[PDB]
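Participant: This one is protein11.pdb, PDB, C-alpha atoms (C1' of nucleotides).
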```
ATOM      1  CA  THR A   1    -125.911 -25.757 109.592  1.00  0.00           C
ATOM      2  CA  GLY A   2    -122.881 -27.726 108.461  1.00  0.00           C
ATOM      3  CA  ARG A   3    -123.856 -31.399 108.511  1.00  0.00           C
ATOM      4  CA  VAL A   4    -120.629 -32.523 110.163  1.00  0.00           C
ATOM      5  CA  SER A   5    -122.131 -32.612 113.710  1.00  0.00           C
ATOM      6  CA  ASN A   6    -119.141 -30.711 115.075  1.00  0.00           C
ATOM      7  CA  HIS A   7    -120.813 -30.039 118.427  1.00  0.00           C
ATOM      8  CA  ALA A   8    -118.741 -31.618 121.170  1.00  0.00           C
ATOM      9  CA  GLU A   9    -121.539 -32.677 123.538  1.00  0.00           C
ATOM     10  CA  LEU A  10    -123.458 -34.065 120.552  1.00  0.00           C
ATOM     11  CA  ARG A  11    -120.685 -36.503 119.680  1.00  0.00           C
ATOM     12  CA  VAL A  12    -120.199 -37.839 123.240  1.00  0.00           C
ATOM     13  CA  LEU A  13    -123.640 -39.419 123.017  1.00  0.00           C
ATOM     14  CA  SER A  14    -122.843 -41.399 119.860  1.00  0.00           C
ATOM     15  CA  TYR A  15    -119.826 -42.807 121.689  1.00  0.00           C
ATOM     16  CA  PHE A  16    -122.317 -43.798 124.405  1.00  0.00           C
ATOM     17  CA  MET A  17    -124.602 -45.270 121.702  1.00  0.00           C
ATOM     18  CA  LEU A  18    -122.094 -47.369 119.762  1.00  0.00           C
ATOM     19  CA  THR A  19    -120.394 -48.744 122.882  1.00  0.00           C
ATOM     20  CA  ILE A  20    -123.555 -50.113 124.488  1.00  0.00           C
ATOM     21  CA  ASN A  21    -124.310 -52.174 121.363  1.00  0.00           C
ATOM     22  CA  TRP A  22    -120.755 -53.439 120.822  1.00  0.00           C
ATOM     23  CA  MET A  23    -120.237 -54.527 124.440  1.00  0.00           C
ATOM     24  CA  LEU A  24    -123.456 -56.595 124.291  1.00  0.00           C
ATOM     25  CA  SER A  25    -123.841 -57.924 120.734  1.00  0.00           C
ATOM     26  CA  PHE A  26    -120.253 -59.197 120.435  1.00  0.00           C
ATOM     27  CA  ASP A  27    -119.935 -60.877 123.824  1.00  0.00           C
ATOM     28  CA  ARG A  28    -118.149 -64.198 123.432  1.00  0.00           C
ATOM     29  CA  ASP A  29    -117.070 -63.814 127.092  1.00  0.00           C
ATOM     30  CA  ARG A  30    -120.678 -64.675 128.268  1.00  0.00           C
ATOM     31  CA  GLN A  31    -120.310 -62.107 131.055  1.00  0.00           C
ATOM     32  CA  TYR A  32    -123.403 -60.121 129.975  1.00  0.00           C
ATOM     33  CA  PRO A  33    -126.168 -62.743 129.775  1.00  0.00           C
ATOM     34  CA  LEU A  34    -129.418 -62.316 127.905  1.00  0.00           C
ATOM     35  CA  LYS A  35    -131.579 -62.846 130.998  1.00  0.00           C
ATOM     36  CA  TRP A  36    -129.859 -59.881 132.639  1.00  0.00           C
ATOM     37  CA  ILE A  37    -130.783 -57.769 129.613  1.00  0.00           C
ATOM     38  CA  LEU A  38    -134.288 -59.131 130.217  1.00  0.00           C
ATOM     39  CA  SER A  39    -133.870 -57.775 133.766  1.00  0.00           C
ATOM     40  CA  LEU A  40    -132.437 -54.421 132.603  1.00  0.00           C
ATOM     41  CA  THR A  41    -135.021 -53.014 130.180  1.00  0.00           C
ATOM     42  CA  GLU A  42    -137.815 -54.478 132.309  1.00  0.00           C
ATOM     43  CA  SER A  43    -136.339 -52.659 135.306  1.00  0.00           C
ATOM     44  CA  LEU A  44    -135.475 -49.518 133.313  1.00  0.00           C
ATOM     45  CA  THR A  45    -138.879 -49.093 131.613  1.00  0.00           C
ATOM     46  CA  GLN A  46    -140.422 -48.500 135.024  1.00  0.00           C
ATOM     47  CA  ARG A  47    -141.746 -45.220 136.396  1.00  0.00           C
ATOM     48  CA  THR A  48    -140.740 -43.731 139.734  1.00  0.00           C
ATOM     49  CA  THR A  49    -141.417 -40.559 141.677  1.00  0.00           C
ATOM     50  CA  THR A  50    -138.011 -39.108 142.447  1.00  0.00           C
ATOM     51  CA  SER A  51    -137.568 -35.417 141.731  1.00  0.00           C
ATOM     52  CA  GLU A  52    -135.224 -36.200 138.850  1.00  0.00           C
ATOM     53  CA  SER A  53    -137.937 -38.459 137.434  1.00  0.00           C
ATOM     54  CA  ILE A  54    -140.689 -35.937 138.226  1.00  0.00           C
ATOM     55  CA  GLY A  55    -138.525 -33.274 136.612  1.00  0.00           C
ATOM     56  CA  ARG A  56    -137.967 -35.624 133.682  1.00  0.00           C
ATOM     57  CA  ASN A  57    -141.742 -36.005 133.414  1.00  0.00           C
ATOM     58  CA  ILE A  58    -142.023 -32.259 132.814  1.00  0.00           C
ATOM     59  CA  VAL A  59    -139.545 -32.531 129.952  1.00  0.00           C
ATOM     60  CA  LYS A  60    -141.688 -35.073 128.098  1.00  0.00           C
ATOM     61  CA  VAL A  61    -144.567 -32.596 128.383  1.00  0.00           C
ATOM     62  CA  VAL A  62    -142.988 -29.529 126.807  1.00  0.00           C
ATOM     63  CA  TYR A  63    -141.925 -31.052 123.468  1.00  0.00           C
ATOM     64  CA  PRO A  64    -144.928 -31.412 121.115  1.00  0.00           C
ATOM     65  CA  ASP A  65    -143.336 -32.592 117.873  1.00  0.00           C
ATOM     66  CA  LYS A  66    -142.319 -36.195 118.608  1.00  0.00           C
ATOM     67  CA  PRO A  67    -144.187 -39.228 119.936  1.00  0.00           C
ATOM     68  CA  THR A  68    -143.532 -40.463 123.471  1.00  0.00           C
ATOM     69  CA  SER A  69    -144.784 -36.983 124.358  1.00  0.00           C
ATOM     70  CA  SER A  70    -148.387 -38.050 124.925  1.00  0.00           C
ATOM     71  CA  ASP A  71    -146.966 -40.274 127.659  1.00  0.00           C
ATOM     72  CA  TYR A  72    -149.059 -38.602 130.358  1.00  0.00           C
ATOM     73  CA  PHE A  73    -151.861 -41.181 130.054  1.00  0.00           C
ATOM     74  CA  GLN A  74    -149.722 -43.715 131.902  1.00  0.00           C
TER
ATOM     75  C1'  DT B   1    -100.780 -51.093  85.316  1.00  0.00           C
ATOM     76  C1'  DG B   2    -103.270 -47.669  85.185  1.00  0.00           C
ATOM     77  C1'  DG B   3    -107.350 -44.839  83.552  1.00  0.00           C
ATOM     78  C1'  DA B   4    -113.370 -43.919  82.200  1.00  0.00           C
ATOM     79  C1'  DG B   5    -116.317 -42.130  86.915  1.00  0.00           C
ATOM     80  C1'  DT B   6    -119.969 -42.969  90.451  1.00  0.00           C
ATOM     81  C1'  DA B   7    -120.619 -42.914  94.409  1.00  0.00           C
ATOM     82  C1'  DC B   8    -121.519 -40.985  99.286  1.00  0.00           C
ATOM     83  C1'  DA B   9    -119.473 -36.903 101.550  1.00  0.00           C
ATOM     84  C1'  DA B  10    -118.109 -33.391 101.792  1.00  0.00           C
ATOM     85  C1'  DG B  11    -119.203 -28.294 100.564  1.00  0.00           C
ATOM     86  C1'  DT B  12    -121.922 -23.221  99.466  1.00  0.00           C
ATOM     87  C1'  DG B  13    -125.588 -20.625  96.574  1.00  0.00           C
ATOM     88  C1'  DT B  14    -131.323 -19.194  96.960  1.00  0.00           C
ATOM     89  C1'  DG B  15    -135.812 -16.382 100.684  1.00  0.00           C
ATOM     90  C1'  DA B  16    -138.981 -17.779 103.644  1.00  0.00           C
ATOM     91  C1'  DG B  17    -141.832 -19.756 107.602  1.00  0.00           C
ATOM     92  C1'  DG B  18    -143.574 -19.187 112.257  1.00  0.00           C
ATOM     93  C1'  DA B  19    -144.101 -16.032 116.837  1.00  0.00           C
ATOM     94  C1'  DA B  20    -147.265 -12.495 119.322  1.00  0.00           C
ATOM     95  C1'  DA B  21    -148.421  -8.715 121.679  1.00  0.00           C
ATOM     96  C1'  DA B  22    -150.787  -4.368 121.507  1.00  0.00           C
ATOM     97  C1'  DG B  23    -153.209  -1.740 118.296  1.00  0.00           C
ATOM     98  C1'  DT B  24    -157.479  -1.823 115.038  1.00  0.00           C
ATOM     99  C1'  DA B  25    -161.561  -3.235 113.371  1.00  0.00           C
ATOM    100  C1'  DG B  26    -167.626  -4.009 112.546  1.00  0.00           C
ATOM    101  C1'  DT B  27    -170.576  -5.132 115.630  1.00  0.00           C
ATOM    102  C1'  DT B  28    -174.526  -3.885 119.687  1.00  0.00           C
ATOM    103  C1'  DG B  29    -175.785  -1.021 123.231  1.00  0.00           C
ATOM    104  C1'  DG B  30    -176.974   2.804 126.097  1.00  0.00           C
ATOM    105  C1'  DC B  31    -177.239   7.503 126.465  1.00  0.00           C
ATOM    106  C1'  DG B  32    -177.894  12.494 126.832  1.00  0.00           C
ATOM    107  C1'  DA B  33    -211.294  33.152 136.959  1.00  0.00           C
ATOM    108  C1'  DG B  34    -214.027  39.058 137.131  1.00  0.00           C
ATOM    109  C1'  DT B  35    -216.478  44.264 135.735  1.00  0.00           C
ATOM    110  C1'  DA B  36    -215.397  47.025 132.971  1.00  0.00           C
ATOM    111  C1'  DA B  37    -215.434  50.374 128.942  1.00  0.00           C
ATOM    112  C1'  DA B  38    -215.659  52.557 123.428  1.00  0.00           C
ATOM    113  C1'  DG B  39    -214.594  51.070 118.749  1.00  0.00           C
ATOM    114  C1'  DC B  40    -216.654  50.471 114.120  1.00  0.00           C
ATOM    115  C1'  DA B  41    -218.402  47.491 112.254  1.00  0.00           C
ATOM    116  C1'  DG B  42    -223.466  46.356 111.999  1.00  0.00           C
ATOM    117  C1'  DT B  43    -228.399  47.536 109.250  1.00  0.00           C
TER
END
```
Would you kindly transcribe this structure into structure tokens?
Facilitator:
Amino acid sequence: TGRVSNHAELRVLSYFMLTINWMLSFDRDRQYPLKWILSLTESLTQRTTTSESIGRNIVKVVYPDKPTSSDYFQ
DNA sequence: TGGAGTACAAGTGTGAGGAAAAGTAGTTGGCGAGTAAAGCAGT
């Protein structure tokens, strides 16, 4: 395994990682307020029963290595 | 002005760890009554 991370779909996600910090930490424009971030993660960390979410709940089950895999108690 | 490198960032040389079903163990258990005669002992 060459440690260049030359996979194409792998590198799209880092572009989605570095953007979401830069567009929020350096915001002189005060268009993205802090209280909306306080209404994002509080509304995102919230379970629901759609079939995408139910199907996502199966995916947490199958992987045993990492934490946030014994998430079934909640 | 221009070099000692020392750093992170690129590389390639060196054997093994984890996966699993069928097949293979040591171990119990669960079988198939008469009426007659002659013989040689007997003494």
Participant: Chain A near segment 4-21 of chain B within 12 Å: what's each residue's closest atom pair and its distance in Å to one decimal, counting only C-alpha atoms (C1' of nucleotides), ordered by chain then ascending residue number, as CSV?
Facilitator:
```
residue,atom,partner,partner_atom,distance
A:1,CA,B:12,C1',11.2
A:2,CA,B:11,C1',8.7
A:3,CA,B:10,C1',9.1
A:4,CA,B:10,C1',8.8
```
Participant: So how far away is atom CA of residue 67 of chain A from atom CA of residue 46 of chain A, in Å?
Facilitator: 18.1 Å
Participant: In Å, rounded to a single decimal, give me how far atom CA of residue 17 of chain A is from atom CA of residue 59 of chain A.
Facilitator: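 Spanning atom CA of residue 59 of chain A to atom CA of residue 17 of chain A is a straight-line distance of 21.3 Å.
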Participant: Using only C-alpha atoms (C1' of nucleotides), which protein or nucleic acid residues come within 12 Å of segment 30-42 of chain A? Drop anything in the same chain fewer than 6 positions from it, and give the result as a list in words.
Facilitator: residues 20, 21, 22, 23 and 24 of chain A
Participant: Tell me which of A:43, A:28, A:5, A:74 sits closest to residue 57 of chain A, counting all atoms listed in the file.
Facilitator: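 Under the stated criterion, the closest residue is A:74.
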Participant: May I ask for the distance between atom CA of residue 15 of chain A and atom CA of residue 56 of chain A, given in Å to one decimal place?
Facilitator: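 So the two atoms, atom CA of residue 15 of chain A and atom CA of residue 56 of chain A, lie 22.9 Å apart.
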Participant: Centre and edge lengths, as JSON, for the axis-aligned box enclosing every listed atom of segment 15-26 of chain B with 4 Å of padding on each of the six sides, in Å to one decimal?
Facilitator:
```
{"center_x": -151.7, "center_y": -10.7, "center_z": 111.2, "size_x": 39.8, "size_y": 26.0, "size_z": 29.0}
```
